[PDB]
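What follows is the content of input-v2.pdb (PDB, C-alpha atoms and all ligand atoms).
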```
ATOM      1  CA  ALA A 698     -47.522  39.722 -18.354  1.00  0.00           C
ATOM      2  CA  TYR A 699     -45.550  42.891 -18.993  1.00  0.00           C
ATOM      3  CA  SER A 700     -47.319  46.223 -19.445  1.00  0.00           C
ATOM      4  CA  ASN A 701     -46.299  49.863 -19.193  1.00  0.00           C
ATOM      5  CA  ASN A 702     -48.932  50.726 -16.560  1.00  0.00           C
ATOM      6  CA  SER A 703     -49.317  47.447 -14.618  1.00  0.00           C
ATOM      7  CA  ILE A 704     -47.602  46.392 -11.385  1.00  0.00           C
ATOM      8  CA  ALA A 705     -47.845  43.430  -9.013  1.00  0.00           C
ATOM      9  CA  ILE A 706     -47.586  43.794  -5.231  1.00  0.00           C
ATOM     10  CA  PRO A 707     -47.278  40.725  -2.964  1.00  0.00           C
ATOM     11  CA  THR A 708     -49.869  40.383  -0.207  1.00  0.00           C
ATOM     12  CA  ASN A 709     -48.579  37.547   2.012  1.00  0.00           C
ATOM     13  CA  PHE A 710     -45.195  35.994   2.737  1.00  0.00           C
ATOM     14  CA  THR A 711     -43.567  32.696   3.675  1.00  0.00           C
ATOM     15  CA  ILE A 712     -40.687  32.133   6.097  1.00  0.00           C
ATOM     16  CA  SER A 713     -38.387  29.445   4.691  1.00  0.00           C
ATOM     17  CA  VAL A 714     -35.370  27.769   6.295  1.00  0.00           C
ATOM     18  CA  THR A 715     -32.729  26.321   3.964  1.00  0.00           C
ATOM     19  CA  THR A 716     -29.622  24.206   4.518  1.00  0.00           C
ATOM     20  CA  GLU A 717     -26.068  24.701   3.261  1.00  0.00           C
ATOM     21  CA  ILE A 718     -23.196  22.263   3.822  1.00  0.00           C
ATOM     22  CA  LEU A 719     -19.544  23.238   3.345  1.00  0.00           C
ATOM     23  CA  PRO A 720     -16.495  21.006   3.915  1.00  0.00           C
ATOM     24  CA  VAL A 721     -13.995  22.648   6.264  1.00  0.00           C
ATOM     25  CA  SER A 722     -11.149  20.185   6.834  1.00  0.00           C
ATOM     26  CA  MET A 723      -9.912  16.758   5.784  1.00  0.00           C
ATOM     27  CA  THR A 724      -7.982  14.010   7.535  1.00  0.00           C
ATOM     28  CA  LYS A 725      -4.336  14.658   8.409  1.00  0.00           C
ATOM     29  CA  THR A 726      -1.854  11.922   7.517  1.00  0.00           C
ATOM     30  CA  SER A 727       1.813  11.056   7.983  1.00  0.00           C
ATOM     31  CA  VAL A 728       4.056   8.683   6.031  1.00  0.00           C
ATOM     32  CA  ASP A 729       7.208   6.900   7.169  1.00  0.00           C
ATOM     33  CA  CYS A 730       9.913   7.488   4.565  1.00  0.00           C
ATOM     34  CA  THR A 731      11.840   4.266   5.165  1.00  0.00           C
ATOM     35  CA  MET A 732       9.304   1.765   6.506  1.00  0.00           C
ATOM     36  CA  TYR A 733       7.037   2.141   3.462  1.00  0.00           C
ATOM     37  CA  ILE A 734       9.787   1.557   0.883  1.00  0.00           C
ATOM     38  CA  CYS A 735      12.475  -0.594   2.504  1.00  0.00           C
ATOM     39  CA  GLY A 736      10.610  -1.880   5.565  1.00  0.00           C
ATOM     40  CA  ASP A 737      12.952  -3.522   8.085  1.00  0.00           C
ATOM     41  CA  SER A 738      15.984  -4.106   5.860  1.00  0.00           C
ATOM     42  CA  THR A 739      19.407  -2.581   6.492  1.00  0.00           C
ATOM     43  CA  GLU A 740      20.564  -3.247   2.919  1.00  0.00           C
ATOM     44  CA  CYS A 741      17.551  -1.515   1.380  1.00  0.00           C
ATOM     45  CA  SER A 742      17.861   1.404   3.808  1.00  0.00           C
ATOM     46  CA  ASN A 743      21.530   1.785   2.861  1.00  0.00           C
ATOM     47  CA  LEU A 744      20.556   1.808  -0.816  1.00  0.00           C
ATOM     48  CA  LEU A 745      17.781   4.343  -0.112  1.00  0.00           C
ATOM     49  CA  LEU A 746      20.312   6.666   1.549  1.00  0.00           C
TER
ATOM     50  CA  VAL B 499      39.462 -29.877 -27.216  1.00  0.00           C
ATOM     51  CA  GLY B 500      36.168 -29.226 -28.981  1.00  0.00           C
ATOM     52  CA  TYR B 501      35.843 -32.805 -30.241  1.00  0.00           C
ATOM     53  CA  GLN B 502      36.089 -34.272 -26.704  1.00  0.00           C
ATOM     54  CA  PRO B 503      32.961 -35.317 -24.783  1.00  0.00           C
ATOM     55  CA  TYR B 504      31.430 -33.095 -22.111  1.00  0.00           C
ATOM     56  CA  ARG B 505      28.959 -34.314 -19.487  1.00  0.00           C
ATOM     57  CA  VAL B 506      26.240 -31.709 -18.948  1.00  0.00           C
ATOM     58  CA  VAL B 507      23.910 -31.636 -15.937  1.00  0.00           C
ATOM     59  CA  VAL B 508      21.190 -28.979 -15.717  1.00  0.00           C
ATOM     60  CA  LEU B 509      19.112 -28.572 -12.554  1.00  0.00           C
ATOM     61  CA  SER B 510      15.671 -26.945 -12.532  1.00  0.00           C
ATOM     62  CA  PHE B 511      14.499 -25.429  -9.246  1.00  0.00           C
ATOM     63  CA  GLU B 512      10.984 -24.855  -7.909  1.00  0.00           C
ATOM     64  CA  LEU B 513      10.537 -22.742  -4.781  1.00  0.00           C
ATOM     65  CA  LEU B 514       6.742 -22.861  -4.279  1.00  0.00           C
ATOM     66  CA  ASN B 515       5.335 -23.003  -0.737  1.00  0.00           C
ATOM     67  CA  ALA B 516       5.003 -26.788  -0.430  1.00  0.00           C
ATOM     68  CA  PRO B 517       7.253 -28.540   2.117  1.00  0.00           C
ATOM     69  CA  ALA B 518      10.901 -28.420   1.101  1.00  0.00           C
ATOM     70  CA  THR B 519      12.588 -31.601  -0.117  1.00  0.00           C
ATOM     71  CA  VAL B 520      16.125 -30.434  -1.009  1.00  0.00           C
ATOM     72  CA  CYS B 521      17.968 -28.057   1.318  1.00  0.00           C
ATOM     73  CA  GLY B 522      21.384 -26.525   1.827  1.00  0.00           C
ATOM     74  CA  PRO B 523      23.914 -27.678   4.399  1.00  0.00           C
ATOM     75  CA  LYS B 524      23.215 -24.761   6.740  1.00  0.00           C
ATOM     76  CA  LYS B 525      22.994 -25.584  10.439  1.00  0.00           C
ATOM     77  CA  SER B 526      19.841 -24.831  12.419  1.00  0.00           C
ATOM     78  CA  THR B 527      19.964 -22.722  15.574  1.00  0.00           C
ATOM     79  CA  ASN B 528      17.444 -22.690  18.400  1.00  0.00           C
ATOM     80  CA  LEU B 529      14.330 -20.540  18.080  1.00  0.00           C
ATOM     81  CA  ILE B 530      13.736 -17.342  20.060  1.00  0.00           C
ATOM     82  CA  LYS B 531      10.719 -15.041  20.025  1.00  0.00           C
ATOM     83  CA  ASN B 532       9.427 -11.776  21.515  1.00  0.00           C
ATOM     84  CA  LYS B 533      12.522 -10.095  20.077  1.00  0.00           C
ATOM     85  CA  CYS B 534      13.395  -8.313  16.833  1.00  0.00           C
ATOM     86  CA  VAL B 535      15.723 -10.754  15.054  1.00  0.00           C
ATOM     87  CA  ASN B 536      16.825 -11.931  11.620  1.00  0.00           C
ATOM     88  CA  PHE B 537      15.209 -15.244  10.689  1.00  0.00           C
ATOM     89  CA  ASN B 538      15.591 -17.803   7.903  1.00  0.00           C
ATOM     90  CA  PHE B 539      12.683 -20.234   7.449  1.00  0.00           C
ATOM     91  CA  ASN B 540      13.315 -22.733   4.626  1.00  0.00           C
ATOM     92  CA  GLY B 541      15.305 -20.095   2.757  1.00  0.00           C
ATOM     93  CA  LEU B 542      12.806 -17.282   3.415  1.00  0.00           C
ATOM     94  CA  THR B 543      14.545 -14.443   5.255  1.00  0.00           C
ATOM     95  CA  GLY B 544      13.368 -11.258   6.910  1.00  0.00           C
ATOM     96  CA  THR B 545      13.462  -9.107  10.016  1.00  0.00           C
ATOM     97  CA  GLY B 546      10.813  -8.727  12.688  1.00  0.00           C
ATOM     98  CA  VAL B 547       9.361 -10.052  15.928  1.00  0.00           C
TER
HETATM   99  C1  LIG C 801     -48.151  52.548 -23.046  1.00  0.00           C
HETATM  100  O1  LIG C 801     -48.805  53.638 -22.388  1.00  0.00           O
HETATM  101  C2  LIG C 801     -49.632  54.414 -23.268  1.00  0.00           C
HETATM  102  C3  LIG C 801     -50.147  55.585 -22.464  1.00  0.00           C
HETATM  103  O2  LIG C 801     -49.092  56.463 -22.094  1.00  0.00           O
HETATM  104  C4  LIG C 801     -50.746  53.538 -23.835  1.00  0.00           C
HETATM  105  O3  LIG C 801     -51.514  54.301 -24.759  1.00  0.00           O
HETATM  106  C5  LIG C 801     -50.158  52.316 -24.531  1.00  0.00           C
HETATM  107  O4  LIG C 801     -51.202  51.436 -24.932  1.00  0.00           O
HETATM  108  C6  LIG C 801     -49.198  51.578 -23.600  1.00  0.00           C
HETATM  109  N1  LIG C 801     -48.566  50.468 -24.295  1.00  0.00           N
HETATM  110  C7  LIG C 801     -49.105  49.246 -24.361  1.00  0.00           C
HETATM  111  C8  LIG C 801     -48.317  48.221 -25.119  1.00  0.00           C
HETATM  112  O5  LIG C 801     -50.181  48.980 -23.834  1.00  0.00           O
HETATM  113  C1  LIG C 802     -51.072  34.266   4.797  1.00  0.00           C
HETATM  114  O1  LIG C 802     -50.961  32.836   4.797  1.00  0.00           O
HETATM  115  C2  LIG C 802     -51.363  32.217   6.027  1.00  0.00           C
HETATM  116  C3  LIG C 802     -51.081  30.740   5.884  1.00  0.00           C
HETATM  117  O2  LIG C 802     -51.901  30.149   4.885  1.00  0.00           O
HETATM  118  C4  LIG C 802     -52.832  32.523   6.296  1.00  0.00           C
HETATM  119  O3  LIG C 802     -53.213  31.950   7.542  1.00  0.00           O
HETATM  120  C5  LIG C 802     -53.050  34.030   6.325  1.00  0.00           C
HETATM  121  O4  LIG C 802     -54.435  34.319   6.469  1.00  0.00           O
HETATM  122  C6  LIG C 802     -52.527  34.670   5.041  1.00  0.00           C
HETATM  123  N1  LIG C 802     -52.661  36.117   5.103  1.00  0.00           N
HETATM  124  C7  LIG C 802     -53.351  36.827   4.204  1.00  0.00           C
HETATM  125  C8  LIG C 802     -53.384  38.309   4.424  1.00  0.00           C
HETATM  126  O5  LIG C 802     -53.922  36.297   3.257  1.00  0.00           O
END
```
Represent the supplied structure as structure tokens.
Ligand SMILES: *[C@@H]1O[C@H](CO)[C@@H](O)[C@H](O)[C@H]1NC(C)=O
Ligand SMILES: *[C@@H]1O[C@H](CO)[C@@H](O)[C@H](O)[C@H]1NC(C)=O
Amino acid sequence: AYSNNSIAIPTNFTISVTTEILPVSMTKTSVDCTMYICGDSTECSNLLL
Amino acid sequence: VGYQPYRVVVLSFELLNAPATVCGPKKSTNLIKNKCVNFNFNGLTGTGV
């Protein structure tokens, strides 16, 4: 309800508490180069070299 | 040669996982465990404990 001589002033107030969730880190992982590809095989390791 | 008879034998193999019926002339050693070794079970090879 806009007018050029009218204003609205709040009388009361409410105190609200809100929640915000933010990821910070993820799991750390490691991979074995040889045991994933040529697991326990001298021939396959030689070929992978 | 070319008009002379030839005797032809063709063998079809089937590995599967059922008990083996035809095997090679390889000799069997004694079994050891709790040790990283190379094994050969009915033609299936590998490395492990
Ligand atoms: C704007 O204010 C004037 C007085 O200065 C008034 O006459 C006019 O009606 C107002 N405008 C509206 C849309 O009410
Ligand atoms: C503001 O709201 C509270 C909660 O309803 C009420 O107790 C209080 O009287 C209100 N204040 C005014 C000035 O209306």
Shell of 12 Å around ligand LIG 801 (chain C) (all atoms listed in the file), written as a PyMOL selection string | chain A and resi 698-703
Please give me, as a list in words, the residues lying within 9 Å of ligand LIG 802 (chain C) when counting only C-alpha atoms and all ligand atoms.
->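 My answer, listing the contacting residues, is residues 708, 709, 710 and 711 of chain A.
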Given the choices B:540, B:500, B:545, B:505, which gets closest to residue 521 of chain B if the distance is worked out from only C-alpha atoms?
->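 Between B:540, B:500, B:545, B:505, the residue approaching residue 521 of chain B most closely is B:540.
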Could you list the residues chosen by the PyMOL selection byres ((chain B) within 12 of (chain A)) in this structure as number ranges by chain?
-> B: 534-536, 543-547
What is the atom CA of residue 542 of chain B-atom CA of residue 745 of chain A distance in Å, reported with one decimal?
->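 Interatomic distance here is 22.5 Å.
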